[PDB]
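Participant: Below you will find the structure I want to go over with you.
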Amino acid sequence: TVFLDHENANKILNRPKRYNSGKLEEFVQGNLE
Amino acid sequence: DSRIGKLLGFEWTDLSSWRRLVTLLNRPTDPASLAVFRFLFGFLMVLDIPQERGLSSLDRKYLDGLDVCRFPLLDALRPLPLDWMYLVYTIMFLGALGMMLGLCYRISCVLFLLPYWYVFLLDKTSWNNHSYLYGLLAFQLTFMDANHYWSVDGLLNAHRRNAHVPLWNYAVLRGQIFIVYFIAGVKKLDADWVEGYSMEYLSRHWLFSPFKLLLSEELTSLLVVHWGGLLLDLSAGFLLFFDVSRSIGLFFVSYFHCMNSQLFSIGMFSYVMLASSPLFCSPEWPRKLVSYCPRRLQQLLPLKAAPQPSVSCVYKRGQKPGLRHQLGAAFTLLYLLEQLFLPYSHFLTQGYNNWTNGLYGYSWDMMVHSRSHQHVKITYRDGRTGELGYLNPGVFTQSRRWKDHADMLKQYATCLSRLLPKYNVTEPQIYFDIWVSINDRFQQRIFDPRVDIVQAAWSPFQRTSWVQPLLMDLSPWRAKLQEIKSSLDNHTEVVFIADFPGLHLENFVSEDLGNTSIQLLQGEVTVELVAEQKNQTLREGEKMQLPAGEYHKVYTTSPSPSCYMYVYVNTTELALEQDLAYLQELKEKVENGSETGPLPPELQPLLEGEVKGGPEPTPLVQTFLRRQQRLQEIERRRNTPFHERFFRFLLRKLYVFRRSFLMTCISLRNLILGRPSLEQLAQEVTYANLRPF
Ligand SMILES: C/C(=C\Cc1c(C)c(O)c2ccccc2c1O)CCC[C@H](C)CCC[C@H](C)CCCC(C)C
Ligand SMILES: *[C@@H]1O[C@H](CO)[C@@H](O[C@@H]2O[C@H](CO)[C@@H](O)[C@H](O)[C@H]2NC(C)=O)[C@H](O)[C@H]1NC(C)=O
Ligand SMILES: *[C@@H]1O[C@H](CO)[C@@H](O[C@@H]2O[C@H](CO)[C@@H](O)[C@H](O)[C@H]2NC(C)=O)[C@H](O)[C@H]1NC(C)=O
Ligand SMILES: *[C@@H]1O[C@H](CO)[C@@H](O[C@@H]2O[C@H](CO)[C@@H](O)[C@H](O)[C@H]2NC(C)=O)[C@H](O)[C@H]1NC(C)=O
Ligand SMILES: *[C@@H]1O[C@H](CO)[C@@H](O)[C@H](O)[C@H]1NC(C)=O
């Protein structure tokens, strides 16, 4: 987890993690973000 | 008697000289409204400390032995051990209760103010406008005499029971609220708010259901949410002040804050603002409210008799004001001027500037910027061997706000430079590459991908040289791009890129994503395939089909920025969906009586629904069963009465509060009486996490 392979490091088109996508700064996410 | 005197409450001659100004700002005034606001604010902060400040979650944020990167405003600040942090939060709670009950008011205000700002400055990732507001209100109330009415300290000391208070105690508070509105109003006069780009998806919430009866959704998302909010922010401060316009202002502001409370997860902000709004009313409203009640109730409610003379007000007979009065007037003037000036103080501290202005929290620009990140690459070069490697984007971090500010990026880079050598790495050099889009623009770099952040030069009062400018010239494209987003099927997806001259982007299309294509919208680009080392030269209006499972690089070779796009479809997902549809069709055919032939043995588990006494299901069967179970669970969740939801909400909050209290108790016991055996600690920690039920 502390290092990522060269192949997996560059995936621009990979689906972004949909965890609070399009989030505004003024929010209390909670549960350690 | 003057009309101006009636509207504004004072005559011009009162401002002629400094003495008369002090007398005006220290005139007698009734304290009831201030006391009610004190009680409400104390209650709200007491309910807020176990939830948002993070006492419920503090045992896995400052955990001992964990190596994490902090973001303090000053690098000198460092957290204490966990037990002392629990003690600090206990002091906060005691101060908040003291402010609520008005017992030892000044000590309570100090005990709440100092720890709150200590925690606030210890982490820049937890800054928000509604926290800075609580800090400012706590600072103000430390000097205001809010314990003169309805306070236990009033019972303890007779001389401070139902006594007069100076006018400035109200004035500052009123001014503060006005600023909180008015500055926001001028901050929202931006091209991204008046045009409907920010918060474009907030018009679909069901609370706006009635509005859709008279207007279309597109106009409902511009006239009501955006323009209405701006008008309310600008006008509410003036509407509440004047007597004639107070009622409509209160109604509109209450409706606005209720809708904000339901729509957002701000927390206690809306309730605090609702508590503060009546403060513009007459200073004696609670007393007349208490008067208009049955005598039986009056036997328990606060007093109704007139206030007594105090020593903290200048009375006209001529009395020469002392030192408290002059200091109060000077404090009012200076504090209001500082509050007005600070939001526009970004031309001095240019180091913290970015695409937006300054750190978030002290600008009052609420909900006027949305950011959507695409990818984050952290590359490191070892300083001894020259090997080049890549780190996980969010390692040794607890927030995700380091992707948008240069100072936080520098702090994170230094933290990595200090922690990595534990992993057999010599003095490293770290490069960052971050993609971010603000209010649905082209995705562009924010930090230069060729600059070593560890050895980069950064001071608070000098502009950073490695922050890419925002390409405002491509603002109008947001229209045309949107059309393309709505002209695609249910499977295809699009990602837009805008790149500066000289730089290049290296990408590796995953094997799953077949049929990936690149189209150029503006500029001149060159696309290189490294499998055979062949580079072509693409110009405007040209489409290419890139390989899947290999690397491709794109270079920009024009004097101006180049804008292009990726269009891709997940072929594996399409195949899985088609196969699942076929399986579901066969299942329906078997169910409805068609397909009289015997079912395949693999189909028998599907009808049975349980893998018992047979071969393990195929991956497709497992996926189908999981999807069916998920759909059934969702249907069960939706078909739920309100009372169950409310009960679950209350139980979850009760669990949070109980865990907070028990964790604080164990921490205090460990600090004071020493640490018992490790088995005892394990048992007590197990007891703390027990669900109430
Ligand atoms: C989300 C909105 C504003 C951001 C915001 C927030 C979250 C706050 O916590 C604020 C607290 C204090 C001061 C300013 C704040 C602030 O700016 C607009 C929300 C708009 C609402 C949902 C629309 C309905 C209300 C309008 C005013 C009704 C007008 C009706 C017309 C026909 C006139
Ligand atoms: C890959 O290419 C595009 C998406 O990258 C898609 O092709 C579409 O093909 C259908 C075929 O009738 C056309 O009607 C659409 O207009 C096309 N979309 C465009 C041009 O954007 C499809 O996802 C894939 N096509 C193939 C042949 O694999
Ligand atoms: C394809 O063309 C591109 C663009 O002209 C070449 O890119 C450059 O790569 C060379 C490699 O020796 C570098 O020295 C240059 O500095 C690069 N230019 C820029 C602007 O970054 C690329 O090398 C070509 N590919 C092949 C396989 O010949
Ligand atoms: C593309 O679609 C596929 C499905 O066809 C997605 O696959 C699953 O992806 C998750 C992670 O998101 C993996 O844990 C699963 O193993 C995948 N399923 C398999 C291999 O059957 C995939 O994530 C989508 N995205 C990409 C970039 O491939
Ligand atoms: C190499 O690094 C790992 C990282 O955990 C460390 O445990 C190990 O001791 C190192 N090995 C040598 C030979 O230095």
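Order determines the names: the first chain of the structure tokens is A, the second B, and so forth; residues in each chain are numbered 1 upward, and ligands are numbered 1 upward as they are shown.
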Kindly determine which residues of chain A lie within 7 Å of chain B, considering only C-alpha atoms, and give the answer as a VMD selection string.
Facilitator: chain A and resid 1 to 6 9 to 12 16 21 to 24 26 to 28 33
Participant: Residues up to 7 Å from ligand 1, counting only C-alpha atoms and all ligand atoms: could you list those as a PDB file with C-alpha atoms, in the first residue's frame?
Facilitator:
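Below you can see pocket02.pdb, which holds the result:
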```
ATOM      1  CA  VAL B 180     -21.491  37.357   7.701  1.00  0.00           C
ATOM      2  CA  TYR B 181     -24.333  38.110   5.320  1.00  0.00           C
ATOM      3  CA  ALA B 184     -20.998  36.711   1.320  1.00  0.00           C
ATOM      4  CA  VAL B 224     -34.360  30.449  -7.124  1.00  0.00           C
ATOM      5  CA  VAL B 225     -31.193  28.837  -5.800  1.00  0.00           C
ATOM      6  CA  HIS B 226     -28.614  31.271  -7.207  1.00  0.00           C
ATOM      7  CA  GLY B 228     -32.530  34.225  -4.619  1.00  0.00           C
ATOM      8  CA  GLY B 229     -29.616  33.278  -2.395  1.00  0.00           C
ATOM      9  CA  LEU B 232     -31.233  37.232   0.501  1.00  0.00           C
ATOM     10  CA  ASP B 233     -27.568  37.429   1.503  1.00  0.00           C
ATOM     11  CA  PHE B 252     -37.513  34.623   4.846  1.00  0.00           C
ATOM     12  CA  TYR B 255     -37.139  29.558   5.772  1.00  0.00           C
ATOM     13  CA  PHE B 256     -33.707  29.945   4.162  1.00  0.00           C
ATOM     14  CA  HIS B 257     -31.899  28.473   7.155  1.00  0.00           C
ATOM     15  CA  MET B 259     -33.837  24.669   3.860  1.00  0.00           C
ATOM     16  CA  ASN B 260     -30.065  24.937   4.296  1.00  0.00           C
ATOM     17  CA  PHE B 269     -24.603  26.348  11.509  1.00  0.00           C
ATOM     18  CA  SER B 270     -28.268  26.819  10.614  1.00  0.00           C
ATOM     19  CA  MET B 273     -27.915  31.463  12.782  1.00  0.00           C
ATOM     20  CA  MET B 366     -19.633  29.723   1.155  1.00  0.00           C
ATOM     21  CA  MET B 367     -20.446  27.103  -1.483  1.00  0.00           C
TER      22      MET B 367
END
```
Participant: Would you list, as a PyMOL selection string, the residues of range 18-110 of chain B that end up in helix (DSSP H, G or I) under DSSP run on this structure's backbone?
Facilitator: chain B and resi 18-25+32-53+58-60+82-101+105-110
Participant: Counting only C-alpha atoms and all ligand atoms, what are the residues of chain B within 12 Å of ligand 2, and for each of them which pair of atoms is the nearest and at what distance in Å, to one decimal? Sort the table by chain and rising number, as CSV.
Facilitator:
```
residue,atom,partner,partner_atom_place_in_ligand_line,distance
B:484,CA,ligand 2,21 (O),8.8
B:485,CA,ligand 2,21 (O),10.2
B:486,CA,ligand 2,21 (O),11.0
B:487,CA,ligand 2,21 (O),8.0
B:488,CA,ligand 2,21 (O),6.5
B:489,CA,ligand 2,18 (N),7.8
B:490,CA,ligand 2,23 (O),9.7
B:491,CA,ligand 2,23 (O),7.2
B:492,CA,ligand 2,23 (O),5.5
B:493,CA,ligand 2,4 (C),7.9
B:494,CA,ligand 2,5 (O),8.5
B:495,CA,ligand 2,5 (O),11.4
B:513,CA,ligand 2,5 (O),10.1
B:514,CA,ligand 2,28 (O),8.0
B:515,CA,ligand 2,1 (C),4.7
B:516,CA,ligand 2,5 (O),5.6
B:517,CA,ligand 2,5 (O),5.5
B:518,CA,ligand 2,5 (O),8.5
B:519,CA,ligand 2,5 (O),9.9
B:543,CA,ligand 2,20 (C),9.7
B:544,CA,ligand 2,5 (O),10.0
B:545,CA,ligand 2,2 (O),8.4
B:546,CA,ligand 2,5 (O),10.3
B:565,CA,ligand 2,5 (O),10.8
B:566,CA,ligand 2,5 (O),8.2
B:567,CA,ligand 2,5 (O),4.8
B:568,CA,ligand 2,5 (O),4.7
B:569,CA,ligand 2,23 (O),5.5
B:570,CA,ligand 2,23 (O),8.6
B:571,CA,ligand 2,23 (O),8.7
B:574,CA,ligand 2,23 (O),10.1
```
Participant: Give as a PyMOL selection string the residues surrounding ligand 5 up to a distance of 9 Å, considering only C-alpha atoms and all ligand atoms.
Facilitator: chain B and resi 422-425
Participant: Produce a file of the selected residues containing N, CA and C atoms, as a short mmCIF file (atom, residue, chain, number, x, y, z; two decimals), in the first residue's frame.
Facilitator:
```
data_model
loop_
_atom_site.label_atom_id
_atom_site.label_comp_id
_atom_site.auth_asym_id
_atom_site.auth_seq_id
_atom_site.Cartn_x
_atom_site.Cartn_y
_atom_site.Cartn_z
N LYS B 422 12.80 5.45 6.42
CA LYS B 422 12.53 4.22 7.16
C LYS B 422 12.25 3.04 6.24
N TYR B 423 12.05 3.27 4.94
CA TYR B 423 11.73 2.22 3.97
C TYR B 423 12.85 2.02 2.95
N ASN B 424 14.10 2.13 3.40
CA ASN B 424 15.26 1.84 2.55
C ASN B 424 15.32 2.76 1.33
N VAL B 425 15.06 4.04 1.54
CA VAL B 425 15.19 5.07 0.51
C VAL B 425 16.13 6.14 1.04
#
```
Participant: I'd like the interatomic distance between CA of residue 587 in chain B and atom 4 (C, counted along the ligand's line) of ligand 4, to a tenth of an Å.
Facilitator: 22.1 Å
Participant: For the atom pair CA of residue 460 in chain B and CA of residue 349 in chain B, what is the interatomic distance in Å to one decimal place?
Facilitator: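 Value for the CA of residue 460 in chain B-CA of residue 349 in chain B distance: 5.9 Å.
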Participant: Got a sec to check which residues lie within 6 Å of ligand 4, using only C-alpha atoms and all ligand atoms, and send them as a list in words?
Facilitator: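 The residues within 6 Å of ligand 4, counting only C-alpha atoms and all ligand atoms, are residues 14 and 15 of chain A; 512, 570, 572, 573 and 576 of chain B.
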Participant: Kindly compile the residues surrounding ligand 3 within 10 Å, counting only C-alpha atoms and all ligand atoms, and format them as a PyMOL selection string.
Facilitator: chain B and resi 501-504+525-537+553-558
Participant: Could you name the residues that touch range 144-158 of chain B at 8 Å or less, counting only C-alpha atoms, but leaving out those on the same chain fewer than 5 positions away, as a list in words?
Facilitator: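 Near neighbours after the sequence-gap exclusion: residues 31, 32, 34, 35, 38, 101, 102, 103, 104, 105, 163, 164, 165, 169 and 302 of chain B.
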Participant: Mind writing the picked residues with N, CA, C and O atoms as an mmCIF file, in the first residue's frame?
Facilitator:
```
data_model
loop_
_atom_site.group_PDB
_atom_site.id
_atom_site.type_symbol
_atom_site.label_atom_id
_atom_site.label_comp_id
_atom_site.auth_asym_id
_atom_site.auth_seq_id
_atom_site.Cartn_x
_atom_site.Cartn_y
_atom_site.Cartn_z
ATOM 1 N N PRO B 31 -30.839 43.366 29.221
ATOM 2 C CA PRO B 31 -29.952 42.232 28.901
ATOM 3 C C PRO B 31 -30.635 40.930 28.487
ATOM 4 O O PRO B 31 -29.924 39.938 28.296
ATOM 5 N N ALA B 32 -31.960 40.897 28.349
ATOM 6 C CA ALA B 32 -32.663 39.620 28.249
ATOM 7 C C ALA B 32 -32.294 38.865 26.976
ATOM 8 O O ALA B 32 -31.986 37.663 27.015
ATOM 9 N N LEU B 34 -29.679 39.040 25.097
ATOM 10 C CA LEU B 34 -28.312 38.539 25.151
ATOM 11 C C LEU B 34 -28.229 37.264 25.979
ATOM 12 O O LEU B 34 -27.521 36.321 25.608
ATOM 13 N N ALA B 35 -28.947 37.211 27.103
ATOM 14 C CA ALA B 35 -28.940 36.006 27.927
ATOM 15 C C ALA B 35 -29.536 34.817 27.183
ATOM 16 O O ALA B 35 -29.002 33.700 27.246
ATOM 17 N N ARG B 38 -27.079 33.619 24.710
ATOM 18 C CA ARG B 38 -26.010 32.907 25.401
ATOM 19 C C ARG B 38 -26.416 31.469 25.677
ATOM 20 O O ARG B 38 -25.648 30.533 25.422
ATOM 21 N N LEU B 101 -24.982 27.714 31.524
ATOM 22 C CA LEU B 101 -25.630 28.016 32.794
ATOM 23 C C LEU B 101 -25.203 29.354 33.380
ATOM 24 O O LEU B 101 -25.786 29.786 34.378
ATOM 25 N N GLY B 102 -24.216 30.018 32.792
ATOM 26 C CA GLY B 102 -23.765 31.291 33.324
ATOM 27 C C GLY B 102 -23.175 31.200 34.713
ATOM 28 O O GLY B 102 -23.481 32.041 35.567
ATOM 29 N N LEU B 103 -22.340 30.194 34.962
ATOM 30 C CA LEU B 103 -21.662 30.010 36.243
ATOM 31 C C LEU B 103 -20.174 30.270 36.053
ATOM 32 O O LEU B 103 -19.509 29.551 35.301
ATOM 33 N N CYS B 104 -19.656 31.288 36.740
ATOM 34 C CA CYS B 104 -18.262 31.705 36.599
ATOM 35 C C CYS B 104 -17.965 32.047 35.138
ATOM 36 O O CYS B 104 -17.150 31.408 34.469
ATOM 37 N N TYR B 105 -18.660 33.078 34.655
ATOM 38 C CA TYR B 105 -18.791 33.279 33.215
ATOM 39 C C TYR B 105 -17.450 33.541 32.544
ATOM 40 O O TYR B 105 -17.164 32.975 31.483
ATOM 41 N N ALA B 163 -29.552 43.225 35.808
ATOM 42 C CA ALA B 163 -28.909 44.528 35.776
ATOM 43 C C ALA B 163 -28.701 44.976 34.335
ATOM 44 O O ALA B 163 -28.780 44.180 33.396
ATOM 45 N N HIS B 164 -28.427 46.266 34.170
ATOM 46 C CA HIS B 164 -28.276 46.848 32.848
ATOM 47 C C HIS B 164 -26.945 46.449 32.223
ATOM 48 O O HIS B 164 -25.980 46.110 32.911
ATOM 49 N N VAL B 165 -26.909 46.503 30.896
ATOM 50 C CA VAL B 165 -25.724 46.170 30.111
ATOM 51 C C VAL B 165 -25.484 47.298 29.114
ATOM 52 O O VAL B 165 -26.450 47.941 28.679
ATOM 53 N N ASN B 169 -22.446 45.830 23.697
ATOM 54 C CA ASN B 169 -22.591 44.382 23.790
ATOM 55 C C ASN B 169 -23.494 43.857 22.687
ATOM 56 O O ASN B 169 -23.221 42.810 22.089
ATOM 57 N N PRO B 302 -37.808 33.284 34.703
ATOM 58 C CA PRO B 302 -37.022 34.404 35.240
ATOM 59 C C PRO B 302 -37.895 35.592 35.620
ATOM 60 O O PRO B 302 -39.096 35.649 35.344
#
```
Participant: CA of residue 344 in chain B and CA of residue 78 in chain B are how many Å apart?
Facilitator: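 CA of residue 78 in chain B lies at a distance of 29.7 Å from CA of residue 344 in chain B.
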Participant: Hey, what's within 12 Å of range 277-281 of chain B if we count only C-alpha atoms and toss same-chain stuff fewer than 5 positions away? As JSON, numbers by chain, please?
Facilitator: {"B": [30, 31, 32, 33, 34, 35, 36, 37, 38, 40, 169, 170, 171, 172, 173, 174, 175, 176, 177, 178, 180, 181, 236, 237, 238, 239, 240, 241, 242, 243, 244, 245, 246, 247, 249, 250, 251, 252, 253, 254, 256, 257, 270, 271, 272, 286]}
Participant: Neighbours of residue 386 in chain B within 10 Å (only C-alpha atoms; same-chain residues fewer than 4 positions away dropped), as a list in words?
Facilitator: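 Residues near the query, excluding close chain neighbours: residues 380, 381, 382, 426 and 428 of chain B.
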Participant: Go ahead and dump the residues you just picked, N, CA, C and O atoms, as a PDB file, in the first residue's frame.
Facilitator:
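Resulting contents of result_11.pdb:
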```
ATOM      1  N   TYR B 380       8.900   9.537  -7.087  1.00  0.00           N
ATOM      2  CA  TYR B 380      10.062   9.756  -6.240  1.00  0.00           C
ATOM      3  C   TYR B 380      11.302   9.189  -6.907  1.00  0.00           C
ATOM      4  O   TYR B 380      11.279   8.088  -7.472  1.00  0.00           O
ATOM      5  N   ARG B 381      12.380   9.964  -6.841  1.00  0.00           N
ATOM      6  CA  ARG B 381      13.695   9.561  -7.317  1.00  0.00           C
ATOM      7  C   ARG B 381      14.616   9.429  -6.114  1.00  0.00           C
ATOM      8  O   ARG B 381      14.763  10.377  -5.334  1.00  0.00           O
ATOM      9  N   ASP B 382      15.207   8.250  -5.960  1.00  0.00           N
ATOM     10  CA  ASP B 382      16.194   8.029  -4.917  1.00  0.00           C
ATOM     11  C   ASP B 382      17.465   8.804  -5.230  1.00  0.00           C
ATOM     12  O   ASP B 382      17.905   8.866  -6.381  1.00  0.00           O
ATOM     13  N   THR B 426      17.085   6.559   0.218  1.00  0.00           N
ATOM     14  CA  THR B 426      17.994   7.635   0.592  1.00  0.00           C
ATOM     15  C   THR B 426      17.277   8.969   0.387  1.00  0.00           C
ATOM     16  O   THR B 426      16.060   9.015   0.197  1.00  0.00           O
ATOM     17  N   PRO B 428      15.308  11.575  -0.909  1.00  0.00           N
ATOM     18  CA  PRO B 428      14.519  11.498  -2.137  1.00  0.00           C
ATOM     19  C   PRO B 428      14.208  12.862  -2.739  1.00  0.00           C
ATOM     20  O   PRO B 428      14.348  13.907  -2.104  1.00  0.00           O
TER      21      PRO B 428
END
```
Participant: Do you know which residues are at most 9 Å from residue 287 in chain B counting only C-alpha atoms, after dropping those on the same chain fewer than 2 positions away, and could you put them as a VMD selection string?
Facilitator: chain B and resid 32 to 33 284 to 285 289 to 292 302 to 305
